[PDB]
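Undergrad: Residue numbers (UniProt numbering): 24 to 168.
Even for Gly, the Cβ is constructed at its ideal location relative to N, Cα and C.
Quick one: structure below, then a few questions.
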């Protein structure tokens, strides 16, 4: 194996065609990593970045996490920096934040040595949106959910 899988879904193992699943997962993971890094590097958020973020979401849901802990910290840091943007479109950050929550739900997987997220970006984020003066005036129109 190229990597040790992390918290892989057992049910995929039980499937009759589970042998092909490993190759499909590895290829899909490679595509996701390369394309998402590239889309951030070129700053093509609306066409491709959200697309590959959604691709990571379906990958996690279908195959479990199934990546190295190094990859896990990298995904976390990227989505955090992307979600922790000062003035990102809120409809945009909704999906990235949903993905980041999906990655971070299984706290036990990450050592607390592996990952060090800061808190001031999140504070500024919620202060922007949970307590927005501009919203009551009708300027900002936050989403419902």
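Do residue 99 and residue 78 have their C-beta atoms within less than 9 angstroms of each other?
TA: no
Undergrad: How do the region 145-162 and the region 44-53 stand: do at least 3 beta-carbon pairs fall below 8 angstroms, yes or no?
TA: The region 145-162 and the region 44-53 do not touch, with fewer than 3 CB-CB distances between them shorter than 8 angstroms.
Undergrad: Tell me, please, which residues DSSP counts as bridged to residue 131.
TA: In DSSP, residue 131 forms no bridge with anything.
Undergrad: Please state whether the Cβ-Cβ distance between residue 30 and residue 87 is less than 9 angstroms.
TA: yes
Undergrad: Taking 7 angstroms as the limit between beta carbons, can you name the residues of its chain near residue 114, skipping five residues before and five after?
TA: Contacts found: 166.
Undergrad: Hey, could you find the ends of the alpha helix (DSSP H) residue 156 is sitting in?
TA: 156-159
Undergrad: CB-CB under 6 angstroms to residue 105, same chain, minus the five flanking residues each way: which ones, in chain order?
TA: 119
Undergrad: Can you grab the Cα-Cα spacing for the pair residue 37 / residue 89, in whole Å?
TA: 16 angstroms
Undergrad: Can you give me the Cβ contacts of residue 155 inside the same chain, cut-off strictly under 8 angstroms, excluding the 5 residues immediately before and after it?
TA: 163, 165
Undergrad: Output the boundary residues of the alpha helix (DSSP H) element that contains residue 44.
TA: For residue 44, the enclosing alpha helix (DSSP H) has its first and last residue at 41-65.
Undergrad: Between residue 39 and residue 153, what straight-line distance do the alpha-carbon atoms span, to the nearest angstrom?
TA: Approximately 48 angstroms, taken between the alpha carbons.
Undergrad: Quick one: give me the first and last residue of the alpha helix (DSSP H) that residue 142 is part of.
TA: Element bounds for residue 142: n/a, residue is neither H nor E.
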